[PDB]
Amino acid sequence: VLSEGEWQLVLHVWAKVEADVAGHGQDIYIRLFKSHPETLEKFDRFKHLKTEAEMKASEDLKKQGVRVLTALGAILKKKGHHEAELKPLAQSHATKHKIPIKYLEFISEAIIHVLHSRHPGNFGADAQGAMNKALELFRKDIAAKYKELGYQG
Ligand code: HEM
């Protein structure tokens, strides 16, 4: 469980993401796909993209990263009281998309990397620790839901 102060460090960097969620989503996907190329294979609509240039030029990938980061932002704004938001996300990710916990760890690492590069004003050591705690909570709670749903993760 995160303290209020830790949540405020999470929300204060998220406020900067929200100046341009689409651009942050593009940087996070490009980071994820370059660092862990196997993750791109889970996206039927995007697995043909061959280069960072193609990923940046994809209007559909840009829209997807706005949907993904906005869903994450809604979770983080609940400050751990995210049961309702996790239910549909867990169900789709366990049963339709089949996204292992290790891949949620990879996207968490990409989110952290991008915030570290873009936002040193709001993403010093303490703020990064708070964001990691929040992402670790998310992944713990998703993994519990996965198990209830029948998926190993
Ligand atoms: C912070 C973690 C993540 C969040 C908040 C998130 C959120 C979302 C949301 C809101 C959608 C659309 C609704 C739905 O189908 O549930 C979606 C779709 C999808 N997500 Fe996730 N996602 C996350 C991580 C991942 C990761 C790591 C992968 C794969 C490695 C993944 C694969 C997919 C796929 C394949 C779809 C369908 C994409 C399409 O329509 O073309 N997601 N995600």
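Numbers here simply count residues along the sequence, with the first being 1. No hydrogens, no waters, no symmetry mates; every other heavy atom, side chains included, goes into these values.
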Stepwise salt bridge (charged side-chain N to carboxylate O under 4.0 Å, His left out) check, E83 with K145: CA-CA 9 Å; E83 188 43 318; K145 294 303 267 190; 2.5 Å; yes
In Å and rounded to the nearest 0.5 Å, what is the [atom1] to [atom2] distance from [X] to [Y]?
| X | Y | atom1 | atom2 | answer |
| --- | --- | --- | --- | --- |
| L11 | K16 | CG | NZ | 12.0 Å |
| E52 | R31 | CD | CZ | 11.0 Å |
| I107 | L32 | CD1 | CG | 5.5 Å |
| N132 | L2 | CG | CG | 9.5 Å |
| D44 | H97 | CG | NE2 | 10.0 Å |
| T70 | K77 | OG1 | NZ | 8.0 Å |

Criterion salt bridge (charged side-chain N to carboxylate O under 4.0 Å, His left out) on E105 and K102, from CA distance to verdict: CA-CA 5 Å; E105 290 166 1; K102 168 176 146 101; over 6 Å; no
Answer yes or no: is there a donor N or O on one side and an acceptor on the other, between the side chain of [X] and the main chain of [Y], under 3.5 Å?
| X | Y | result |
| --- | --- | --- |
| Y146 | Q91 | no |
| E6 | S3 | yes |
| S92 | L89 | yes |
| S58 | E54 | no |
| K42 | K98 | yes |

Intermediate values then yes/no, side chain to side chain contact (heavy atoms under 4.5 Å, CB included), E4 and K79: CA-CA 8 Å; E4 177 62 9; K79 303 191 300 194; 2.9 Å; yes
Going by heavy atoms in the side chains, are [X] and [Y] under 4.5 Å from each other?
| X | Y | answer |
| --- | --- | --- |
| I112 | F123 | yes |
| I142 | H93 | no |
| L72 | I111 | yes |
| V68 | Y29 | yes |
| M55 | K50 | no |
| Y151 | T95 | no |

Can you confirm whether [X] is buried at [atom1], in the sense that more than 12 heavy atoms of other residues, nucleotides or ligands lie under 6.0 Å from that atom?
| X | atom1 | result |
| --- | --- | --- |
| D126 | CG | no |
| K147 | NZ | no |
| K133 | NZ | yes |

Taking every non-hydrogen atom, the tightest pair across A130 and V10: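 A130 and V10 have their closest heavy atoms at O-CG2, 3.5 Å.
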Which atom of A84 lies closest to which atom of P88, heavy atoms considered: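 So the minimum-distance heavy-atom pair works out to O-CD, 3.1 Å.
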Tell me yes or no: between the side chains of [X] and [Y], is some donor less than 3.5 Å from an acceptor?
| X | Y | result |
| --- | --- | --- |
| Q26 | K56 | yes |
| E109 | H113 | no |
| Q64 | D60 | no |

Trace of the side chain to side chain contact (heavy atoms under 4.5 Å, CB included) decision for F138 with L86: CA-CA 8 Å; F138 164 71; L86 269 34; 3.9 Å; yes
Check: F106 ring centre within less than 6.0 Å of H36 ring centre: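 Distance test on ring centres: under 6.0 Å, yes.
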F43-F33 aromatic ring centre distance below 6.0 Å: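 They qualify: ring centres under 6.0 Å apart.
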Evaluation steps, side chain to side chain contact (heavy atoms under 4.5 Å, CB included), between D27 and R118: CA-CA 10 Å; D27 286 358; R118 288 179 87 134; 2.9 Å; yes
Trace of the side chain to side chain contact (heavy atoms under 4.5 Å, CB included) decision for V1 with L137: CA-CA 8 Å; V1 66; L137 176 65; over 6 Å; no
Ring geometry between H119 and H24 (parallel below 30°, tilted from 30 to 60°, perpendicular above 60°):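 The arrangement is parallel - the two ring planes meet at less than 30°.
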Candidate list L69, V21, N122, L9, test side chain to side chain contact (heavy atoms under 4.5 Å, CB included), partner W14, passing option: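 Of all the options given, the one that passes is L69.
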